[PDB]
Protein chains: 2
Amino acid sequence: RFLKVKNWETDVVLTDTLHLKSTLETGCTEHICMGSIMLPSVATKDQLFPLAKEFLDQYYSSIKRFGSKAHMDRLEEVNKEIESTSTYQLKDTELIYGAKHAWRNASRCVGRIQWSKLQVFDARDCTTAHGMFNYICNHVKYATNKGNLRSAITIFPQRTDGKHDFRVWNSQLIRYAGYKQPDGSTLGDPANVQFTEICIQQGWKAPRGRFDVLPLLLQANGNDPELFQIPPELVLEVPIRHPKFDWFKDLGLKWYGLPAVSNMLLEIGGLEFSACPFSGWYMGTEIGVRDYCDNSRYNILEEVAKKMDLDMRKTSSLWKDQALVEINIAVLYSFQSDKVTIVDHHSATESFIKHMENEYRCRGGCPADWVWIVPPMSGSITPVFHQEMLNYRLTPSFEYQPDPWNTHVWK
Amino acid sequence: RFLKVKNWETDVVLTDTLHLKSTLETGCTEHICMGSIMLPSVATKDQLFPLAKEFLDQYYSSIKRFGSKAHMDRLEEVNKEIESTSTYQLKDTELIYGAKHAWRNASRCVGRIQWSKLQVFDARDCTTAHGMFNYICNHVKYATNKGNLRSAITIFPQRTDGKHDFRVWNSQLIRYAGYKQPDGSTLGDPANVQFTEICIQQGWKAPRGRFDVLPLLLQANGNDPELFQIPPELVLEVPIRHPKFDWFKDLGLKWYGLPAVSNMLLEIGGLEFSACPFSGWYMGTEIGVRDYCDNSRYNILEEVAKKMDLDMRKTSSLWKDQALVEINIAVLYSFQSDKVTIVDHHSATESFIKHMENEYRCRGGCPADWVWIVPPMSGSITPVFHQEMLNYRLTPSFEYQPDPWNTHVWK
Ligand code: HEM
Ligand code: HEM
Ligand SMILES: N=C(Nc1cccc(CCNCc2cccc(NC(=N)c3ccco3)c2)c1)c1ccco1
Ligand SMILES: N=C(Nc1cccc(CCNCc2cccc(NC(=N)c3ccco3)c2)c1)c1ccco1
Ligand SMILES: C[C@H](O)[C@H](O)[C@H]1CNc2nc(N)[nH]c(=O)c2N1
Ligand SMILES: C[C@H](O)[C@H](O)[C@H]1CNc2nc(N)[nH]c(=O)c2N1
Ligand SMILES: [Zn+2]
C-alpha cells in the first residue's frame, strides 16, 4: 500500500503513495500483465458529479484553499449546473489546472519536467471549422516562436451530446503525406497513406512528393470536416545534414520543428474535450530512429548504410546499429544549428529521473510507463533503463479516441 | 478470456489462450502495473499434491497418454509417496520434461526457440560439495564443446526440510572477480565485489587483476560451503578485438564463452531444486552493452570514445551511442572468429518472433516480458520492439531465490 521503486544503477529508492489516489484501471490483473499492449482498453449526469467533485477537491487542495468557503460554493455551484444542464463548464483557472495536470499524469511522456510551463489557449468559444483553423494557426505560430519552441495546447468545445463533437482529423497538425505507387511502394510517409487519401477524397490536390505538408481536416460541432492549408510560412522545417558526411545533404531529408498531437482526448473533471491539439518539441529519437528507420515508416537504414559503405550481407555486422547512430547525430546537429528546439535521449532521460525525484517528494509519486519512457535506441546507456517505474492512471488525463472517419455520420 | 496480441510492424495478430492455464501471480493489479520492477515478489504436504497432480496431468497430456492406466497409476503412486514421506521423487523422464518446460515458460528469455534442445544432467545422487564440483566441471566441459556451445542444466538434490539445501553461491559458474581500491574505485567486475570478498574471507588467494575467474563456492546438503577452482583448461575465453581499430586489441578486454546461471531455483511439480545451474550462450549485447558499458559494471564508454577521438564534451553528440555500436561489433566479431557460439540481437530477436508464432499455434500462447525481451541497444530496429507480449507465470518455472549468505545458519 506504500510501494517502493528502485534505480539499479544508483541504488536510489523512492516511495510511492500517489498510486493510492489512482482511479481508472490499467488492463493488468493479478494473473496477466499487459504493459506492452499499445492501446490500453455519452456520459450520464449521475456519473458526472463525483468526477466533478473529485477534480474540484484537488484543484482547491492545490491553491491552498481546500474546503474553504470558495470551494464549497463552487462545489454547490457545479452541483446546481449539473442538475440544470446535466453537464457543466470549467472556469478559465480550472481549465489551465486540468490541462497542465493531464500532461503531468501522462505516464508515457518523458518530457514532463516541463509540465507546469504550458500555455493554454481557450477555444471553447469556437463554433466553425474556419475558427478552428484560425485558432490552430495562432497555436502553431505561438508554439514555434522562431524555433525557440514553447509548449501549448488549444482546447475546443467539450463533447456534449456526442453527435456534435469538435475533432481535428489529422493525427498531428503538421504531418508529411503518403502516396502508394503502381508497384505498391510508398512515397512520402507510409504512416499517413490512408489519411492522405481521405484529404484527396475531399478535394486536396496533392503535390505528390515526399515531404508534402498535409492540409488540416477540421470538424466543428459535428459537421462534416473541411480542408484548410496552414500558411507555409508558419511551417518551420529543418533540413537534415551531417557534421561529417557531406553526402548526407544529398540524402535530402527534412523534418518539421513542431510536434503537435491533435487526435487525443483531454478529460477534465468528467468533461471530454475531443479536440485538444498539444505541442512541445521533439526528443531526437522520435525522428532519427522511429520516423526515419521504422520499417513501415521512411526506412532509410538501407540507403544510409549504402552511402557509408558497410557490410550489408551479415546481420551480425551491426551495420543497422551503425547507420542509426549517424542518422540521429545528424538530426540533432541539424536542429541545433538552426536554433530549433530539440532534446537528445540522454539529456531528456536524465531530466525525467530528476523530474521523478521531484514528484515522489512534493507529490508522493509519478506514474511512469517504462515500455514508453525508455528511448528506442541505446536503452541501457540512458538512466531510465535502470529505473523501476510504477504505472497507474490518474486524472485529469489524455486518452486515445477512435479516428472520426469510423465514428462519424456522414452527409 | 481469449486475448489478442499485435505486431505493429507487420500487422500480424496472434490469439492467446495459454494464459488461462496460468497459476501464479504477476505483481500487477487492475490499478497498478509493476512490469518494470526487477524482482517479482518449507512447503507442507497439503499443498504438494495439487502441484504434483497438475504437473503429472500435463506431462501425460504431452506424451499422448493423458488419463490412461499409466497416468492414473503414477498419479496414485505419487499420491501414496506424498502420504508416506510428505514429499516425493521425479522419474528421470519427468525431470527432463519439467526442466525443459521451466525454460519454455521463462518469459524474460529471448532464446527460447531452443527450449527442447536441452541436455539434462541428473545430479540428484550428489551428497558432497566435492561431488558438486565434479558434476559442475562435467557440465562446463560438455556445454562448452570446444566453442560449439550446447545448452545444459545440472540438477542437484531437491529441497527437503529447508535446512539441508544444496546451493551454488556463485551467481554464475564463470564470473570475473571484483576488488575495490584504496581510492574507492573498483578493479575487475564491480558487480561481484561482495562475493569476491566472501571467497577471500573463506581462503581464496586473489590474483588481484581484472579478468580473474572466481572459484566455485559450493554448499552441499546444508553444510558450510567450500572453495574449488575450475580447471583453467575448461574455462574458454575470447579476447576482444575489432575488425578495424587495431588499438581495440590494446584495450585488452576478454569475456568467457559460457553463460551459466547458478543462483536460481527450479520448480517442478511443487518440488524445489535450489541448485540448478543452467547454461546456453550469449546474445552479444549482454557483454557488449551491459557487462562492458553499464556505469556500475566495466564502464568502457569513456575509454573507447577516447581512442575513437570523439566529441566528449556535448551529451548530444551521441558519442556514447557511437562507441557502444563499435564495442558490440567487436564482441560479435571476436566470438565468431574463434568459432565460439554467440548470437546478435537482430538474429536472436527475429528467432523469438518466429518462436512466438510456433507457441501461439501449437501451444496457444507464449508468456513474454517485453521489458526484458527487447535488447538494451537499438530497440526499435529489432522486431521485438513492435510486438505486443502478454506476460503471465506458468509452471514448471525458474524463480529467484535469496543469496545463501543471508539465509544460512553458519558454523
Ligand atoms: C516539452 C517537450 C515534450 C517532449 C520532449 C515530449 C516527449 C515525448 C515522447 C518522446 C513521447 C513518446 C511518444 C512516442 O514516442 O510516440 C511522449 C508522449 C506523450 N506526451 Fe510528451 N513531450 C513533450 C510535451 C508534451 C506536452 C506539452 C503534452 C500535453 C499537453 C504531452 C503529452 C504526452 C502524451 C499524452 C504522450 C503519450 C500518449 C500516447 O501516445 O500514448 N507531451 N512525449
Ligand atoms: C540458448 C541460448 C540462450 C540465449 C541466447 C539466452 C538469452 C537470454 C537473455 C539475453 C536473457 C536476459 C537476461 C539478462 O539480460 O540478464 C535471458 C534470460 C533468461 N533465460 Fe535465456 N538464453 C539462453 C538459454 C537459456 C537456458 C538454457 C535456460 C534454462 C534452462 C534459460 C533460462 C532463462 C532465464 C530463467 C532467464 C531470466 C530470468 C531472470 O533473470 O529474471 N535460458 N536469456
Ligand atoms: N502505428 C504505429 N504505432 C503507433 C500506434 C498508435 C500510437 C502510436 C504513438 C503515437 N504518439 C504520438 C505522440 C504523442 C505524444 C507526443 C509525441 N511526441 C512529441 N514530442 C510531442 C507532441 C506534442 C508534445 O510532444 C508523439 C504509435 C506503428 C506501426 C508501425 C510502427 O508503429
Ligand atoms: N544488479 C543489477 N541488475 C540485476 C539484478 C538482478 C538480476 C539481474 C539479471 C541477471 N540475470 C542473469 C542471466 C539470467 C539468465 C540468462 C542469462 N544470460 C544468458 N545468456 C544465459 C545464461 C544461461 C543461459 O543463457 C543471464 C540483473 C544491476 C545493477 C546495475 C545494473 O544492473
Ligand atoms: C508493441 C509495443 O507496445 C510498441 O512497440 C510500443 C513500445 N514502446 C513505445 N514507446 C514509445 N515511446 N513509442 C512507441 O510507439 C512505442 N511503441
Ligand atoms: C528497472 C528495470 O526493470 C531493469 O533495468 C531491467 C529492465 N530490463 C532488463 N532486461 C534484461 N534483459 N536484463 C536486465 O537486467 C534488465 N533490467
Ligand atoms: Zn502489468
# chains A, B, ... in the order shown; residues from 1 in each chain; ligands from 1
>>> closest_atom_pairs(of="chain A", to="ligand 5", cutoff="9 Å", atoms="only C-alpha atoms and all ligand atoms", output="JSON lines")
{"residue": "A:35", "atom": "CA", "partner": "ligand 5", "partner_atom_place_in_ligand_line": "3 (O)", "distance": 7.4}
{"residue": "A:36", "atom": "CA", "partner": "ligand 5", "partner_atom_place_in_ligand_line": "3 (O)", "distance": 4.0}
{"residue": "A:37", "atom": "CA", "partner": "ligand 5", "partner_atom_place_in_ligand_line": "3 (O)", "distance": 4.9}
{"residue": "A:38", "atom": "CA", "partner": "ligand 5", "partner_atom_place_in_ligand_line": "3 (O)", "distance": 4.4}
{"residue": "A:39", "atom": "CA", "partner": "ligand 5", "partner_atom_place_in_ligand_line": "3 (O)", "distance": 8.2}
{"residue": "A:108", "atom": "CA", "partner": "ligand 5", "partner_atom_place_in_ligand_line": "12 (N)", "distance": 6.9}
{"residue": "A:109", "atom": "CA", "partner": "ligand 5", "partner_atom_place_in_ligand_line": "12 (N)", "distance": 7.7}
{"residue": "A:110", "atom": "CA", "partner": "ligand 5", "partner_atom_place_in_ligand_line": "12 (N)", "distance": 8.3}
{"residue": "A:286", "atom": "CA", "partner": "ligand 5", "partner_atom_place_in_ligand_line": "12 (N)", "distance": 7.8}
{"residue": "A:290", "atom": "CA", "partner": "ligand 5", "partner_atom_place_in_ligand_line": "15 (O)", "distance": 8.0}
{"residue": "A:369", "atom": "CA", "partner": "ligand 5", "partner_atom_place_in_ligand_line": "10 (N)", "distance": 8.8}
{"residue": "A:370", "atom": "CA", "partner": "ligand 5", "partner_atom_place_in_ligand_line": "8 (N)", "distance": 8.2}
{"residue": "A:371", "atom": "CA", "partner": "ligand 5", "partner_atom_place_in_ligand_line": "8 (N)", "distance": 4.8}
{"residue": "A:372", "atom": "CA", "partner": "ligand 5", "partner_atom_place_in_ligand_line": "10 (N)", "distance": 3.4}
{"residue": "A:373", "atom": "CA", "partner": "ligand 5", "partner_atom_place_in_ligand_line": "12 (N)", "distance": 5.9}
{"residue": "A:374", "atom": "CA", "partner": "ligand 5", "partner_atom_place_in_ligand_line": "12 (N)", "distance": 7.1}
{"residue": "A:375", "atom": "CA", "partner": "ligand 5", "partner_atom_place_in_ligand_line": "12 (N)", "distance": 6.5}
{"residue": "A:376", "atom": "CA", "partner": "ligand 5", "partner_atom_place_in_ligand_line": "10 (N)", "distance": 6.9}
>>> residues_around(residues="residue 295 in chain A", least_positions_apart="4", cutoff="10 Å", atoms="only C-alpha atoms", output="number ranges by chain")
A: 190, 290-291, 299-301; B: 9-10, 380-383
>>> interface_residues(of="chain B", to="chain A", cutoff="6 Å", atoms="only C-alpha atoms", output="mmCIF file with N, CA, C and O atoms, in the first residue's frame")
data_model
loop_
_atom_site.group_PDB
_atom_site.id
_atom_site.type_symbol
_atom_site.label_atom_id
_atom_site.label_comp_id
_atom_site.auth_asym_id
_atom_site.auth_seq_id
_atom_site.Cartn_x
_atom_site.Cartn_y
_atom_site.Cartn_z
ATOM 1 N N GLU B 25 0.888 -15.541 -9.602
ATOM 2 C CA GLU B 25 0.534 -14.143 -9.781
ATOM 3 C C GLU B 25 1.726 -13.358 -10.319
ATOM 4 O O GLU B 25 2.872 -13.820 -10.289
ATOM 5 N N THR B 26 1.433 -12.155 -10.821
ATOM 6 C CA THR B 26 2.398 -11.342 -11.555
ATOM 7 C C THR B 26 2.930 -10.144 -10.780
ATOM 8 O O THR B 26 4.064 -9.726 -11.023
ATOM 9 N N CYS B 28 1.068 -7.261 -10.757
ATOM 10 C CA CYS B 28 0.180 -6.215 -11.218
ATOM 11 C C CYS B 28 -1.212 -6.440 -10.647
ATOM 12 O O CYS B 28 -1.593 -7.561 -10.293
ATOM 13 N N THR B 29 -1.960 -5.347 -10.530
ATOM 14 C CA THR B 29 -3.379 -5.367 -10.210
ATOM 15 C C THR B 29 -4.140 -4.637 -11.314
ATOM 16 O O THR B 29 -3.561 -4.160 -12.298
ATOM 17 N N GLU B 30 -5.456 -4.545 -11.147
ATOM 18 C CA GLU B 30 -6.244 -3.736 -12.067
ATOM 19 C C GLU B 30 -5.890 -2.254 -11.974
ATOM 20 O O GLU B 30 -6.201 -1.495 -12.897
ATOM 21 N N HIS B 31 -5.223 -1.829 -10.895
ATOM 22 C CA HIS B 31 -4.956 -0.422 -10.629
ATOM 23 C C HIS B 31 -3.476 -0.072 -10.540
ATOM 24 O O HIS B 31 -3.142 1.059 -10.167
ATOM 25 N N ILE B 32 -2.580 -1.004 -10.857
ATOM 26 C CA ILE B 32 -1.153 -0.712 -10.915
ATOM 27 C C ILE B 32 -0.483 -1.812 -11.717
ATOM 28 O O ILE B 32 -0.844 -2.988 -11.623
ATOM 29 N N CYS B 33 0.487 -1.416 -12.519
ATOM 30 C CA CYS B 33 1.248 -2.342 -13.330
ATOM 31 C C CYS B 33 2.689 -2.271 -12.873
ATOM 32 O O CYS B 33 3.271 -1.179 -12.821
ATOM 33 N N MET B 34 3.259 -3.430 -12.551
ATOM 34 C CA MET B 34 4.600 -3.489 -11.994
ATOM 35 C C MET B 34 5.559 -4.207 -12.938
ATOM 36 O O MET B 34 6.591 -4.739 -12.517
ATOM 37 N N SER B 36 7.941 -3.368 -14.600
ATOM 38 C CA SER B 36 9.330 -2.927 -14.653
ATOM 39 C C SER B 36 10.005 -2.994 -13.290
ATOM 40 O O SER B 36 11.117 -2.471 -13.132
ATOM 41 N N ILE B 37 9.350 -3.584 -12.294
ATOM 42 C CA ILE B 37 10.040 -3.976 -11.069
ATOM 43 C C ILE B 37 10.978 -5.134 -11.389
ATOM 44 O O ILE B 37 10.586 -6.101 -12.060
ATOM 45 N N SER B 316 24.928 15.564 -26.521
ATOM 46 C CA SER B 316 24.136 15.474 -27.740
ATOM 47 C C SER B 316 24.960 15.163 -28.984
ATOM 48 O O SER B 316 24.428 15.269 -30.093
ATOM 49 N N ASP B 344 23.657 -12.386 -32.338
ATOM 50 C CA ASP B 344 23.488 -10.947 -32.334
ATOM 51 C C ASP B 344 22.022 -10.623 -32.047
ATOM 52 O O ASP B 344 21.128 -11.445 -32.266
ATOM 53 N N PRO B 376 19.071 -4.227 -25.087
ATOM 54 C CA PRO B 376 19.415 -2.965 -24.419
ATOM 55 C C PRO B 376 20.128 -1.944 -25.300
ATOM 56 O O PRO B 376 20.689 -0.978 -24.770
ATOM 57 N N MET B 377 20.142 -2.151 -26.616
ATOM 58 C CA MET B 377 20.538 -1.149 -27.592
ATOM 59 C C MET B 377 19.641 -1.340 -28.805
ATOM 60 O O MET B 377 19.089 -2.427 -29.012
ATOM 61 N N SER B 378 19.450 -0.263 -29.565
ATOM 62 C CA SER B 378 18.818 -0.328 -30.885
ATOM 63 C C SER B 378 17.452 -1.003 -30.844
ATOM 64 O O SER B 378 17.076 -1.728 -31.764
ATOM 65 N N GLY B 379 16.707 -0.756 -29.773
ATOM 66 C CA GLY B 379 15.420 -1.379 -29.538
ATOM 67 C C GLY B 379 14.518 -1.537 -30.747
ATOM 68 O O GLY B 379 14.135 -2.659 -31.095
ATOM 69 N N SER B 380 14.194 -0.432 -31.425
ATOM 70 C CA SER B 380 13.118 -0.458 -32.412
ATOM 71 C C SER B 380 13.563 -0.922 -33.794
ATOM 72 O O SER B 380 12.701 -1.243 -34.623
ATOM 73 N N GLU B 388 3.529 -6.752 -29.331
ATOM 74 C CA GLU B 388 2.824 -6.852 -28.063
ATOM 75 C C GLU B 388 3.007 -8.243 -27.478
ATOM 76 O O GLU B 388 2.886 -9.252 -28.179
ATOM 77 N N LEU B 390 1.972 -10.719 -24.039
ATOM 78 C CA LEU B 390 1.302 -10.983 -22.765
ATOM 79 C C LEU B 390 2.246 -11.710 -21.801
ATOM 80 O O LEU B 390 2.774 -12.783 -22.131
ATOM 81 N N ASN B 391 2.446 -11.141 -20.606
ATOM 82 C CA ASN B 391 3.235 -11.779 -19.557
ATOM 83 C C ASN B 391 2.312 -12.451 -18.547
ATOM 84 O O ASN B 391 1.316 -11.867 -18.106
ATOM 85 N N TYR B 392 2.647 -13.696 -18.202
ATOM 86 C CA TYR B 392 1.952 -14.459 -17.179
ATOM 87 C C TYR B 392 2.877 -15.600 -16.764
ATOM 88 O O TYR B 392 3.796 -15.968 -17.500
#
>>> select_by_dssp(residues="range 139-263 of chain A", states="alpha helix (DSSP H)", output="ChimeraX atom specification")
/A:139-144,193-201,247-251
>>> closest_residue(among="A:250, A:233, A:226, A:403", to="residue 264 in chain A", atoms="only C-alpha atoms")
A:403
>>> closest_atom_pairs(of="chain A", to="ligand 3", cutoff="6 Å", atoms="only C-alpha atoms and all ligand atoms", output="JSON lines")
{"residue": "A:259", "atom": "CA", "partner": "ligand 3", "partner_atom_place_in_ligand_line": "22 (C)", "distance": 4.2}
{"residue": "A:260", "atom": "CA", "partner": "ligand 3", "partner_atom_place_in_ligand_line": "23 (C)", "distance": 4.4}
{"residue": "A:261", "atom": "CA", "partner": "ligand 3", "partner_atom_place_in_ligand_line": "22 (C)", "distance": 5.0}
{"residue": "A:278", "atom": "CA", "partner": "ligand 3", "partner_atom_place_in_ligand_line": "23 (C)", "distance": 5.2}
{"residue": "A:279", "atom": "CA", "partner": "ligand 3", "partner_atom_place_in_ligand_line": "23 (C)", "distance": 3.7}
{"residue": "A:280", "atom": "CA", "partner": "ligand 3", "partner_atom_place_in_ligand_line": "24 (C)", "distance": 3.9}
{"residue": "A:281", "atom": "CA", "partner": "ligand 3", "partner_atom_place_in_ligand_line": "20 (N)", "distance": 5.1}
{"residue": "A:282", "atom": "CA", "partner": "ligand 3", "partner_atom_place_in_ligand_line": "20 (N)", "distance": 4.1}
{"residue": "A:283", "atom": "CA", "partner": "ligand 3", "partner_atom_place_in_ligand_line": "20 (N)", "distance": 5.9}
{"residue": "A:296", "atom": "CA", "partner": "ligand 3", "partner_atom_place_in_ligand_line": "30 (C)", "distance": 5.4}
>>> write_last_selection(atoms="C-alpha atoms", output="compact mmCIF listing (two decimals), in the first residue's frame")
# COMPACT_ATOMS: atom_id res chain seq x y z
CA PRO A 259 5.32 18.01 -32.87
CA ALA A 260 1.67 18.83 -32.22
CA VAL A 261 -0.58 15.89 -31.48
CA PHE A 278 -0.98 19.85 -27.87
CA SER A 279 2.60 20.62 -28.80
CA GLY A 280 6.05 20.67 -27.28
CA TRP A 281 9.27 19.72 -29.03
CA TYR A 282 10.98 16.58 -30.24
CA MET A 283 13.22 14.21 -28.48
CA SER A 296 6.87 0.74 -42.04
>>> residues_around(residues="residue 357 in chain A", least_positions_apart="2", cutoff="12 Å", atoms="only C-alpha atoms", output="number ranges by chain")
A: 5-7, 12-16, 113, 350-355, 359-367, 387, 389
>>> select_by_dssp(residues="range 86-221 of chain B", states="strand (DSSP E or B)", output="MDAnalysis selection string")
chainID B and resid 119:122 152:155 167:168 172 176 178:180 186:188 213 216:219
>>> write_last_selection(atoms="N, CA and C atoms", output="mmCIF file, in the first residue's frame")
data_model
loop_
_atom_site.group_PDB
_atom_site.id
_atom_site.type_symbol
_atom_site.label_atom_id
_atom_site.label_comp_id
_atom_site.auth_asym_id
_atom_site.auth_seq_id
_atom_site.Cartn_x
_atom_site.Cartn_y
_atom_site.Cartn_z
ATOM 1 N N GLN B 119 20.122 -30.357 -22.500
ATOM 2 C CA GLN B 119 20.760 -31.579 -22.007
ATOM 3 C C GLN B 119 20.642 -31.581 -20.492
ATOM 4 N N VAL B 120 19.900 -32.531 -19.945
ATOM 5 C CA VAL B 120 19.614 -32.530 -18.518
ATOM 6 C C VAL B 120 20.567 -33.512 -17.846
ATOM 7 N N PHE B 121 21.368 -32.997 -16.919
ATOM 8 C CA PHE B 121 22.274 -33.804 -16.119
ATOM 9 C C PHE B 121 21.668 -33.954 -14.734
ATOM 10 N N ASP B 122 21.392 -35.193 -14.354
ATOM 11 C CA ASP B 122 20.746 -35.527 -13.087
ATOM 12 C C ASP B 122 21.834 -35.752 -12.043
ATOM 13 N N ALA B 152 22.587 -26.922 -21.459
ATOM 14 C CA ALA B 152 22.612 -27.971 -20.458
ATOM 15 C C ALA B 152 22.172 -27.410 -19.113
ATOM 16 N N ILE B 153 21.717 -28.309 -18.245
ATOM 17 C CA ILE B 153 21.382 -27.954 -16.874
ATOM 18 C C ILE B 153 21.790 -29.116 -15.982
ATOM 19 N N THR B 154 22.362 -28.804 -14.823
ATOM 20 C CA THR B 154 22.710 -29.813 -13.833
ATOM 21 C C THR B 154 21.827 -29.611 -12.613
ATOM 22 N N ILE B 155 21.096 -30.659 -12.215
ATOM 23 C CA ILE B 155 20.031 -30.543 -11.219
ATOM 24 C C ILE B 155 20.437 -31.306 -9.971
ATOM 25 N N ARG B 167 23.269 -25.507 -2.551
ATOM 26 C CA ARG B 167 23.348 -24.221 -3.241
ATOM 27 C C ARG B 167 24.719 -24.034 -3.873
ATOM 28 N N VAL B 168 24.723 -23.507 -5.095
ATOM 29 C CA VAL B 168 25.890 -22.838 -5.666
ATOM 30 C C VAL B 168 25.797 -21.371 -5.266
ATOM 31 N N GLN B 172 27.040 -16.945 -11.297
ATOM 32 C CA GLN B 172 27.296 -17.738 -12.493
ATOM 33 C C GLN B 172 28.546 -18.555 -12.238
ATOM 34 N N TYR B 176 33.944 -12.975 -13.417
ATOM 35 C CA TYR B 176 35.188 -12.269 -13.147
ATOM 36 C C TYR B 176 35.128 -11.608 -11.777
ATOM 37 N N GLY B 178 35.930 -8.997 -8.544
ATOM 38 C CA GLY B 178 35.907 -7.573 -8.300
ATOM 39 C C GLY B 178 36.639 -7.213 -7.027
ATOM 40 N N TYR B 179 37.485 -6.187 -7.091
ATOM 41 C CA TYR B 179 38.211 -5.696 -5.928
ATOM 42 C C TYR B 179 38.126 -4.179 -5.907
ATOM 43 N N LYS B 180 37.711 -3.627 -4.772
ATOM 44 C CA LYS B 180 37.782 -2.190 -4.585
ATOM 45 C C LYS B 180 39.211 -1.781 -4.231
ATOM 46 N N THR B 186 37.151 0.454 -8.465
ATOM 47 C CA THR B 186 36.982 -0.997 -8.480
ATOM 48 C C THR B 186 37.752 -1.632 -9.632
ATOM 49 N N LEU B 187 38.628 -2.577 -9.302
ATOM 50 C CA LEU B 187 39.279 -3.425 -10.291
ATOM 51 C C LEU B 187 38.396 -4.628 -10.602
ATOM 52 N N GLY B 188 38.461 -5.078 -11.861
ATOM 53 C CA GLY B 188 37.721 -6.253 -12.282
ATOM 54 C C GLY B 188 36.259 -5.996 -12.567
ATOM 55 N N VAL B 213 39.034 -15.391 -12.970
ATOM 56 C CA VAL B 213 37.893 -16.279 -12.808
ATOM 57 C C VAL B 213 37.759 -16.636 -11.336
ATOM 58 N N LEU B 216 34.662 -21.631 -7.295
ATOM 59 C CA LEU B 216 33.305 -22.062 -7.002
ATOM 60 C C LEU B 216 33.113 -22.186 -5.496
ATOM 61 N N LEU B 217 32.043 -21.566 -4.982
ATOM 62 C CA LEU B 217 31.585 -21.788 -3.613
ATOM 63 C C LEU B 217 30.382 -22.724 -3.664
ATOM 64 N N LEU B 218 30.534 -23.929 -3.113
ATOM 65 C CA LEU B 218 29.521 -24.970 -3.225
ATOM 66 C C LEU B 218 29.052 -25.399 -1.842
ATOM 67 N N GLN B 219 27.737 -25.350 -1.621
ATOM 68 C CA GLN B 219 27.103 -25.763 -0.371
ATOM 69 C C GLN B 219 26.315 -27.048 -0.618
#
>>> closest_residue(among="A:384, A:18, A:244, A:196", to="ligand 4", atoms="only C-alpha atoms and all ligand atoms")
A:384
>>> decode(residues="range 246-258 of chain A", atoms="C-alpha atoms", output="mmCIF file, in the first residue's frame")
data_model
loop_
_atom_site.group_PDB
_atom_site.id
_atom_site.type_symbol
_atom_site.label_atom_id
_atom_site.label_comp_id
_atom_site.auth_asym_id
_atom_site.auth_seq_id
_atom_site.Cartn_x
_atom_site.Cartn_y
_atom_site.Cartn_z
ATOM 1 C CA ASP A 246 28.586 15.709 -46.932
ATOM 2 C CA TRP A 247 26.552 13.169 -48.904
ATOM 3 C CA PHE A 248 24.061 13.289 -46.012
ATOM 4 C CA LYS A 249 22.835 16.541 -47.563
ATOM 5 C CA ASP A 250 22.329 14.670 -50.846
ATOM 6 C CA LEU A 251 20.113 12.292 -48.866
ATOM 7 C CA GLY A 252 17.738 15.259 -48.933
ATOM 8 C CA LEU A 253 15.812 14.598 -45.712
ATOM 9 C CA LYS A 254 13.996 17.199 -43.624
ATOM 10 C CA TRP A 255 11.607 17.214 -40.702
ATOM 11 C CA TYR A 256 9.293 19.738 -39.141
ATOM 12 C CA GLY A 257 10.087 21.571 -35.943
ATOM 13 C CA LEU A 258 6.775 21.341 -34.099
#
